[PDB]
Amino acid sequence: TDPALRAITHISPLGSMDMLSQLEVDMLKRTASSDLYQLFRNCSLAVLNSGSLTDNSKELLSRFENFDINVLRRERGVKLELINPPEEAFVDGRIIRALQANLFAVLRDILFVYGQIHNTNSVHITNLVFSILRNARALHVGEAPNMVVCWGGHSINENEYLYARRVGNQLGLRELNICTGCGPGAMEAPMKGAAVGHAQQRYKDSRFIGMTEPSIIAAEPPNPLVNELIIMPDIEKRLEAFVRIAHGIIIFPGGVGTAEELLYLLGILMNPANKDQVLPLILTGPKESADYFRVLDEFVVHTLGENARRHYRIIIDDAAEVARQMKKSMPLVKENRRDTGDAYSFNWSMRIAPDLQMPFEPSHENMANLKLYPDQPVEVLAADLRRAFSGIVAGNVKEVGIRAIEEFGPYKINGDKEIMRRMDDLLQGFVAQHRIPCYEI
Amino acid sequence: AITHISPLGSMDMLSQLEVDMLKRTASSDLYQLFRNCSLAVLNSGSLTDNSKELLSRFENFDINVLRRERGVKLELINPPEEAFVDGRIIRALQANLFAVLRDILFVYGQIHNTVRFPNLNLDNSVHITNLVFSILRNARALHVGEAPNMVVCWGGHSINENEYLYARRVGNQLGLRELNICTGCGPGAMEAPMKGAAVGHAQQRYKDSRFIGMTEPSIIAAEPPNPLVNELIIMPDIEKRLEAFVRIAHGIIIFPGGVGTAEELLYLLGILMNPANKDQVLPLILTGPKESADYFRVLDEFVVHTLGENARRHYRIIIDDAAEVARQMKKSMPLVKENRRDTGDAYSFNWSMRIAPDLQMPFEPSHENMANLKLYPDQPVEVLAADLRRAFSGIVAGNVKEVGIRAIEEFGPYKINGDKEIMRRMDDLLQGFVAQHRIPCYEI
Amino acid sequence: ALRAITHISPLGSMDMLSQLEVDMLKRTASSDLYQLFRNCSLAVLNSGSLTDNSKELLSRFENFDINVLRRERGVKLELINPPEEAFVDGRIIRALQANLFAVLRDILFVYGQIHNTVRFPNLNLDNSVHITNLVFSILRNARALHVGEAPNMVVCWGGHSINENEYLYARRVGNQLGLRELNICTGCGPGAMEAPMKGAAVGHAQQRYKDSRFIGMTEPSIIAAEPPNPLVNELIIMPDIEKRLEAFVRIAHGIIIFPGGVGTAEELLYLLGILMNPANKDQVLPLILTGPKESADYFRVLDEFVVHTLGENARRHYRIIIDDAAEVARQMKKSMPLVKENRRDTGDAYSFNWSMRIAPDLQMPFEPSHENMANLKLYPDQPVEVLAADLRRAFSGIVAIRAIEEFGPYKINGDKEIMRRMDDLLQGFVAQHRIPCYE
Amino acid sequence: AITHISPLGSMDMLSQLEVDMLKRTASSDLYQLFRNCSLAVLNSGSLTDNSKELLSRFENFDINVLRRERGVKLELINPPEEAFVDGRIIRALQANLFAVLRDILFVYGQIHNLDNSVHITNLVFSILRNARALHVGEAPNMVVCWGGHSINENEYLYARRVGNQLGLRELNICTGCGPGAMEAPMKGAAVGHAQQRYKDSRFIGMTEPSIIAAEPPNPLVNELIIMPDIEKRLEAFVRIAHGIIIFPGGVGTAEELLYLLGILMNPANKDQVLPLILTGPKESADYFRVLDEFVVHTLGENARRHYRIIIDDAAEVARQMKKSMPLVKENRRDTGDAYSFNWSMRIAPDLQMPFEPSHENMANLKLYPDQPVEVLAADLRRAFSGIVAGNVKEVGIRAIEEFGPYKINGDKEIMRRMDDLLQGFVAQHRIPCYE
Ligand SMILES: Nc1nc2c(ncn2[C@@H]2O[C@H](COP(=O)(O)OP(=O)(O)O)[C@@H](OP(=O)(O)OP(=O)(O)O)[C@H]2O)c(=O)[nH]1
Ligand SMILES: Nc1nc2c(ncn2[C@@H]2O[C@H](COP(=O)(O)OP(=O)(O)O)[C@@H](OP(=O)(O)OP(=O)(O)O)[C@H]2O)c(=O)[nH]1
Ligand SMILES: Nc1nc2c(ncn2[C@@H]2O[C@H](COP(=O)(O)OP(=O)(O)O)[C@@H](OP(=O)(O)OP(=O)(O)O)[C@H]2O)c(=O)[nH]1
Ligand SMILES: Nc1nc2c(ncn2[C@@H]2O[C@H](COP(=O)(O)OP(=O)(O)O)[C@@H](OP(=O)(O)OP(=O)(O)O)[C@H]2O)c(=O)[nH]1
Ligand SMILES: Nc1nc(O)c2[nH]cc([C@H]3O[C@H](COP(=O)(O)O)[C@@H](O)[C@H]3O)c2n1
Ligand SMILES: Nc1nc(O)c2[nH]cc([C@H]3O[C@H](COP(=O)(O)O)[C@@H](O)[C@H]3O)c2n1
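Chains as they are written, first to last, in the deposited numbering: chain D, -5 to 114, 124 to 438, 447 to 452; chain C, 1 to 438, 447 to 452; chain A, -2 to 397, 405 to 438, 447 to 451; chain B, 1 to 112, 121 to 438, 447 to 451.
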C-alpha cells in the first residue's frame, strides 16, 4: 500500500487484547481511523521510547516524526503494525517484551476503553473504574494486601532519589508490591529498589503497577520498571482508582502534583462515612525534606484543622520504619476489609464524594467561581482546593488554553484570602526546588 | 439446612452493579430455571440413576443469590446432602453451580431482557456467532495459544452395554494420545469417552485434562451433568449449542446415537459441503462397536443418494477399531493447526467456517412450514441437506411428541412435496432404523 | 509404528547420571542379576494387562530382553522384543516409561551397589541404624520423600485376591479417602492394593486435587510375578520384605488394613510389635481395620486372638470400623493434623518417621528351621513386644512342607493357652475359607 | 545475639547418619574455613568494600551445627545485624549459607581416588549434581563471564552493558562470585531479564574456599557453588559453560586465556563448540592487542580459530553468543553429550593438576616450539603462573633472591615474546624475576 522505505514490524498481542472478538476487532480498527489516532500514535511512541538512553522528553519524541502505527485485522484477532519504530525498543529485531505488553496496553486503554466512552452518576463512575481495572487483569482474586501506592514529584534531586530507592528496597525486602504514576524520578526510584529487595527475598511475582492519563503518557514515557501499565480516561478517574486499589499510600516530596493529590486523599479520608476505613498515609523524605513537609502540614492544619492529621503521619529519614509500618498495616487492611465483606483488591467501601469525581475544566470561569471559605465544611473546602490545584498542574501539560492565565483578569478566588497567603510561600517553595498573580482579592 | 457457598471459577471478580443485577434477575420468573438447574448440578454422580424421580425428592430445595461488598455468594436452602463431604461442597459441584449462575443468570437473563449490550439484534448471523464467542470467552473456555486437541463427541442418551464399552475404549485411546474430549454433558455416549480418556490422560501423565460438557437449559434441568465434566457451558438454545459445538471442535466423532444422529450428520454436512468451507479441515469420523454396522450403513446409503459421492469426502466410517479412530484424530490435529495458520485464524475458535443463516435460526414444524420445505435434487447440496435436517427434525418424533400427533390429527400428516426419489430415500432410512429399533406421520 | 529394537530415554528416575555411575549400571546388568532386571522389566511393561493372567501372561514373551545402553550424557534402555500393548503409535506409554527406569533404578543401581560393591563403606547391614538410614537414602534417591509436605499418606494393606465385595468396598474407602485430598500407598499389587487407588482417583477428581500420589512398594520376588497395577504413580522396589515393611511404617501417616485372608495376621502382629514397644507410646500412627458387611466375623476371630495373646492393651493401637467407608476416611483425615503435631513436637520430619523405634528383631529376616521354630519363645511371661514379634515369625513360617516330613510337625515350646488361641484362630480362618502342621 | 536458621534449598533432606557427619566435621580443624566463609556470606551486600576490615568488625561471630531428628539447623552466634529484616534472615543469605554447609562442610571434608583424571571429572560432576545446578532438559544459555576483581568505571559500565545485552537475549551468567567484573554482567543481566520477562534467572557464582573466605559473594549471585581447589573450579567452569566471555582482568587474564586455548587446541577437541569472545571498552584495545600478538607468535595463527576479539560492541558480543547457543546444543546432540555438562571435552590431566613453582620445576618446564601447541600453551600457562606471579608473590621475590632468579630453559624467541608482552603489560599499568 506504500512503496517507500518504511521499516515495518508485525507485533502479536502480549498480555492484553489477546482473545478478541471479531466484532471488537472491527471496532478497534474503526477507532484507529478517527481523530483519536494522534493520541494512539503519540502514546505508542512514548511506550516504545521507554528507558531511552537520552533523558529527554520533547526532543526525544520529535526525532521520530516518521513514526506510525496501524491496526491490522486477522480472523483470529489483531496485530499492530509498527512503521519506523525506535530502534532501541527492539533486540535482534524482536520487540522487547515489556514494551510489547505496554504497547498492546495502549491499544486496550486508549483505543478500546477511551474510545467506547469518550467517543460515546458516582455509581457509574466507580463500577466503570472497577471495570477498567478488571479488564486490565489487575484485580487479582484472593490476593492478600501488598500494594503500596507511592505518590511523588516529576523532578527530584539526588538525595531525594536515593532515599526513595531505600524506601523501595525496604518495602521490597518485606514482599510489598508498588504502584506509582508510571512517570520518572519519584514514580521510578521505589520500584528500582523494590526489585533488588524483591530479588534478595526470592519473591516471584513482582507487581510494579503504573497508573496514568492520556495527557501524561503522550509526553512522558513510562519508566522501564513498570510491568503493568493502566491508562485511565482522565485524572479524576485516575485518582479514584489509585485510592480504591491501594492498601497503603506513601507521599514523597515532589511539589505541586503531590500537594494536589494529598488534598484529594484527605477529603476522602475525613468524610464521616470513611472513619472506619484503614489506609495508612505515611508522608516521608530525606533529612533535607524537613522544612518542606513542615509547611505542608502547617497548611493543612490551618485549612482543614488539626483534626485532619487523624489520617496522616510523617516519618523523616527512616526508610526502614516506613516499610515496617506499611508491612504491619497490611493485616489490618485485610481484616478491615474482612468484616466489611469487601474485596481485598478493591475498596468498594471508601466513600469518595461526587465532588472529588467530577472533572475540573481548566476554564477561567471555573476558578472565577471557586470558593475558599472556613465556613464551608472541611470536605467541600478541601475538594475546591484540590480542583483549583489540579487545574494549575493542567495549565502546563494539557495546554488547553495556556494564554488564559490573565485573559480578562486574574482568577477571582472569592473567600478567605489568608488561605491564599499560606499558599504564597508554598507555591514559590515548589519553584524553589524546581518542581495577586493567579488569585484575586 | 442453609449453607453459603463462595465462587469457584466462574463469577470470581464481579462488579457491584453486576452482583446486584444477578439478584434482580434471580427474582424474576426465570427463578424456577435457575433452581432446577442448580438442583441438577448438585445431583451429579447420584447413586440412583433415576431421571425425574431423583429431582422430585428434593422439593424443599431452594437457592438464594446473596450480596456482599466483594462479590456474590450462594445460599443453599436444603441441598441434597450427598454433595457435601465433611460439611464442605465437592469442589467440582461448587464450580458447576457457579457455572449455572454464569450462563443461566448473567448470560441468558441479560441478553434476553435488559438491553445493556445494545448492539445485539440476535437475528443477524454475525451477531449470533460473535455472541457465541463472547459466551465462550467468558467461561474461560477458549485458551490463547492452545494447540489443537479437542475431539467433540456426539452420541446418544441411552446406549447398550456394548456401545458404552466401545465408547469408553475410544476415549481411553483418545486420551492415550493426549486429546481432550468435549461432549453434551449428559450420560452414556457423552460420559463414556471422558470416563476412559481419564485413564488415558493418567497413563500418559497428561496433566490439565479438559472434559467440556455443552448443553441447553432444558437438557441440564432434566438431566444432571455426568461426574467427569470439568468445564460446564450452557448455551441459550440448541441452535447456539450446535453452532458452538462446531466452532470449538478440531475433530468430531459421531458415536451411534439412534435416529437422532441422522439430523446431527446432516447439520454437520450442511456446513461442510458448503463451497466457502471447501478449505476447512474438520475430521468427521463415525464409529461404533461391531453391531453398530448395519446402523451406520443405512445412514450411508441415504446420504449418498440424496447428496452424492462428493459428501463421502467429508466424513469417514470406522467400526470396532477404536484405536484407529484415536489414531486418525491425533494425526489430523497438525493439519487442523496448519489449516488455521494459513487462514490467519484462531486455533481455539473457527471464525472462518461459514455456518449458514438458515442453520443458525430455528425452525418450527408448522404443517404449513413442513410442506413448503423444498426437498428436490436440483436445489444445491447445501440447501438440500439443511432442509433435509429441518425435515428430519420435525418428522422424527413427529409421533413421539404429542404436539405432532395432535396436529397431524387436525391438519393431517406432513404432506411434504419436493422429489419422489428423495421421499423414497427418506422413507427407507426410517424403515431400516425401525428394523434396527432406533397414514404415517409423513406424506409425499 | 514400532519395531522390536526400541531405545527408551530416562523419565523421572536416573535422569542425571555420572559416567562412572553409568558404567556401574552396565557391569551390574551383565552380572547374574540380569534375570531379575529382565523379569521385572517384562512385568512393568505388562501392566494394564488386557488379559487377566499372571505367569501365563509373562511366559508368552520369552523373546523379550533388555539391555543397558551408554551415551555420554547418561544411560538409555534397549528394549528387545517388548510387548506391544505398552506402546502407542510407536511411543512408550509414559507411565511404563517411569516404572521401567524405576526398576533400572532400584534393581541395578541400588540392589547391585549396596549388596557387595564396597564403593560405599560403613554398611554393616546388621546395625539397625544402618538399615534405617539406608531405607531413607532409598526413598530419597527415589525422589519419594518430599520436603515440607503436610501429611496425607495412607498406606493400605490387604489381600491380592479378594471377592467382588471386598474390592467394591475397598474402592469406596479410596473414593472417600481421596475426596479428603489424601494420597494412597499400597504394595503395588492387585485387588486390595488396586481398589483404594482406583477410587481415590475419582474423588481426587471431584475435589480438584492436582497431584495424586499412588505409591506402591514392593520387593524383587513379588514384582517378577505380579505386574504393578495401572494406577501406581511411584514404583519403589525395596531389597527384601523386611526392609519393605520398615519403609511402609516410616512413610505412612495412616494405615488401613483391609480383609486380606490369613495373609494379614502376621501383618497386624508386625505393626503391633512396633506399636506396643515402649519408646513408641507417644507416636501417632492411626490403625483402622475395615471391611464390608461379610468381613465382620473375619476380623472377629482375629481381634479375639490378639486380645487373649497380647492383652486388651493391644486394642490401644487399633480400632475397627465395618461397612462405614465414609467414616474410615473421616477419622483418617482427622488424624492427619495430629500426626503433623506429633512429628512436630518431637523435632521429627513429616515425610519420614525417624523416631519410631523399630525392633532390630523385626528388621532381621526369619528362617523357619525346625530347630529355630521350636526354640521360638512363645510364653506370656515374656514381654508383649517380644511376644508379638515371636508370634509373627511363628505364623509366617507355620502357615506359609518337605521338612515337616523329614523331622516332624512344628512342636513349638510355647505356653499351651497361647498355642490354644493360635490353633483356634487358624481353625476359625478355615471356617471362613481364609496330626497337623504343628504340635 | 543467637538465632537459629532452617535449610533453604541446600541440605534440606538429610539422613540422620549424614547429619552426624556434619557435626563431627564441624568440630574438627575445618571449623575455621566454615566460620570465615559463613561470615562472608552473611556479609554480602554491605556498602563497605573493605572486604577484610568488614570481617574484622564481626570477630565476635561464631556458628554451630544443630542436630534434630528431621535434619539440621544452623545456630548463628553474633550474626551481622544487617543481614536480617524484621528478624527474618534474608532468603538469599539463608540459601548461600547452607550452600557453604553443603560444599565446605559436607563435600570438602568428606572428600578429604583424586589421582585419576576420570575420577576428578566425575567428582566435579557429583559436586555439581549435589549442588542442584545441572538442570536436565535445559536449553543451553549459560555464558561464563571471566574478568577482573577491581576494574575502573569504564570497564564496569562496559561489563554491565554486556550483561543487559546478554539478558535482553534470555541468557544466564556464571561468574567467579566476586565483585568488579564478576558483578556488573549479572547486574546488567538482571535489568534485561526483566525487560524480556525472563522469569528464571540463574546467576551462578563459583569459587574456592580461599577466595570466598575473605570475599563476600556479590549480592546478585543466585546459586553459589564452592569447589575444592582452583584446578577443579576451572575444569567446572569449562564443563558447564556454553560460551565464555573474557573481560579485561589485567594481567590476571594471561594464564586464563592460555588454559582455555589448551583445551580448545588439543586435537580430540577439534569438533567441540565453545565460543570464546574477548571484549572490553576502548581503553582495552591496546591491552588486548599485545595479548593477541603474544599468542599468534607463540602458539601460531591457528590459535585464532578459537578466540575472537570484539571491542566496544556490547550488542554483537551477545548477538554472536545468542547465535552460538543452537550450535552448542547440536554439537552436544550429535556427540550424545549432556546439554548441561560438556563430558566430551578432553581436559589434559596436567591442566587438572596443581603446578608448584619450585625453582627446579620451572626451569625443567619445557618451553620450545618443538613440542606441540596443546602442550606449549599448557607449559606457557605453567610458566606465567610463576613468572608474573614473581613480581608479586614472595616465591618470586624471596625465592628468587635465595636460589637466584628464574633461569628457564627452552627457546629464546619464546622467552622474548613473553618478556615483550609483560613490558606491554607494565605500560598499560597492569635482571628481573626471570632470566
Ligand atoms: N470479606 C472477604 N472475604 C474474602 C475475600 N476474599 C476471599 N474471601 C474469602 O470468602 C470466604 C467466605 O467466608 P465468609 O465468612 O462468609 O466471608 P464474609 O466476611 O463476606 O461473610 C472466606 O473464606 P474463609 O472460609 O473465611 O477462609 P479464610 O478467609 O479464613 O482463610 C474469605 O477468605 C475478601 O476480599 N473479603
Ligand atoms: N494465525 C494464528 N497465529 C497464531 C495463533 N496463535 C498463535 N499464533 C502465532 O502467530 C504467528 C503467525 O505469524 P503470521 O505468520 O504473521 O500469522 P498471520 O499471517 O495471520 O499474520 C504464529 O506463528 P507460529 O508459526 O504458529 O508459532 P508457534 O505457535 O508454533 O510457536 C504464532 O506465533 C492462531 O490461533 N492463529
Ligand atoms: N517437624 C518438622 N518441621 C518442619 C518440617 N518441614 C518444615 N518444618 C518447619 O520447621 C519449623 C519450626 O521451626 P524449628 O525451630 O525448626 O522447630 P524445632 O525446634 O522442633 O526444631 C516449622 O515452620 P513453622 O512455620 O514454624 O510451623 P508451621 O506453621 O508451618 O506448622 C515447620 O513447618 C518437617 O518435615 N518436620
Ligand atoms: N544429547 C542429549 N540428548 C538429550 C539431552 N536431554 C534430553 N535428550 C534427549 O534424549 C532423547 C533420545 O533421543 P536420541 O536421538 O537418541 O538423542 P542422541 O542422538 O543425542 O543420543 C532425545 O529425546 P528425543 O525424543 O529423541 O528428541 P527431543 O525433541 O526431546 O529433543 C534427546 O532430546 C541432552 O542433554 N543431550
Ligand atoms: N536483582 C535485580 N532485580 C531486578 O528486578 C532489577 N531491576 C533492576 C535492577 C537493577 O536496578 C539496580 C539499578 O540501580 P543502579 O545500580 O543502576 O544505580 C541494579 O543494581 C540492578 O540490581 C534489578 N536487580
Ligand atoms: N482423576 C483421575 N486420576 C487418575 O490418575 C485416574 N486414573 C484412573 C482414573 C479413572 O478411575 C476411574 C477408573 O475406574 P472405572 O470406573 O473406570 O472402572 C475413571 O472413571 C477414571 O476417573 C483416574 N482419574
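Beta carbons: idealized from backbone N, C-alpha and C, even for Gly.
Closest by C-alpha distance to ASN230 of chain A, out of A:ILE219, A:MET214 and A:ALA202, is A:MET214.
Residues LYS420 of the same chain have their beta carbon placed closer than 7 angstroms to that of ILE452 of chain D, with the five preceding and five following residues left out of the count. Look at the segment 349 to 376 of chain D and you find these whole runs of alpha helix (DSSP H), each 4 residues long or longer: 357 to 360 and 367 to 371. Under the 9 angstroms criterion on CB atoms, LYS207 of chain B is classed as interfacial with respect to chain D. Every residue whose Cβ sits closer than 5 angstroms to any heavy atom of ligand 1 is listed here in chain order: D:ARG341, D:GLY344, D:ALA346, D:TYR347, C:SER6, C:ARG68 and C:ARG70. Between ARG137 of chain B and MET13 of chain A a beta carbon distance of about 6 angstroms is seen, short of the 8 angstroms cut, so the two are scored as contacting. When the beta-carbon positions are compared, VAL303 of chain C and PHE433 of chain C stay at least 9 angstroms from each other. Look at which beta carbons fall closer than 7 angstroms to any heavy atom of ligand 5; those residues are D:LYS195, D:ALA198, D:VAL199, D:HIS201, D:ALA202, D:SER209, D:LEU228, B:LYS195, B:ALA198, B:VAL199, B:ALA202 and B:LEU228. Per DSSP, reduced to three states, the secondary structure at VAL85 of chain B is strand. Chain D places a beta carbon closer than 9 angstroms to that of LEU176 of chain B, counting this residue as a contact. Think of a sphere of 8 angstroms around the beta carbon of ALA92 of chain B: the chain D residues whose beta carbon falls inside it are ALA202, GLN203, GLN204 and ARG205, in chain order.
Taking CB atoms only, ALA346 of chain A has a neighbour in chain B less than 9 angstroms away. Secondary structure in the segment 266 to 315 of chain D: the beta strand (DSSP E) runs of 3 residues or longer, each lying completely within the stretch, are 286 to 288 in chain order. Per DSSP, the unbroken alpha helix (DSSP H) holding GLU161 of chain B starts and ends at 161 to 176. Within chain D, the residues placing a beta-carbon under 8 angstroms from that of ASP86 of chain B are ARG177, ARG327 and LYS330, ordered along the chain. Under the three-state reduction of DSSP, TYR31 of chain A is assigned to helix.
In this structure, A:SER28 is the residue among A:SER28, A:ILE271, A:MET329 and A:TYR166 with its C-alpha nearest to the C-alpha of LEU105 of chain A.
Taking a Cβ-Cβ threshold of 9 angstroms, the residues of chain B close to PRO227 of chain D are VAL199, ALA202 and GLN203, in chain order. The contact set of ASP12 of chain A on chain B, defined by CB atoms closer than 9 angstroms, consists of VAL144 and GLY145 in chain order.
Here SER292 of chain D is buried, its C-beta having at least 16 other C-beta atoms within 10 Å.
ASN96 of chain B: member of the alpha helix (DSSP H) spanning 91 to 100, first to last residue.
For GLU382 of chain C and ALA311 of chain C, the gap between their C-alpha atoms comes out near 10 angstroms.
At a Cβ-Cβ threshold of 9 angstroms, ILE181 of chain A and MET150 of chain A count as neighbours. Using a cutoff of 8 angstroms, the CB of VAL144 of chain C counts as near ligand 2, since one of the ligand's heavy atoms is closer than that. Residue-level contact by beta carbon holds for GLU69 of chain C and chain D, with a gap shorter than 9 angstroms. For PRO236 of chain B, the closest C-alpha among the options B:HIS250, B:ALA221, B:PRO227 and B:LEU228 is that of B:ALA221.
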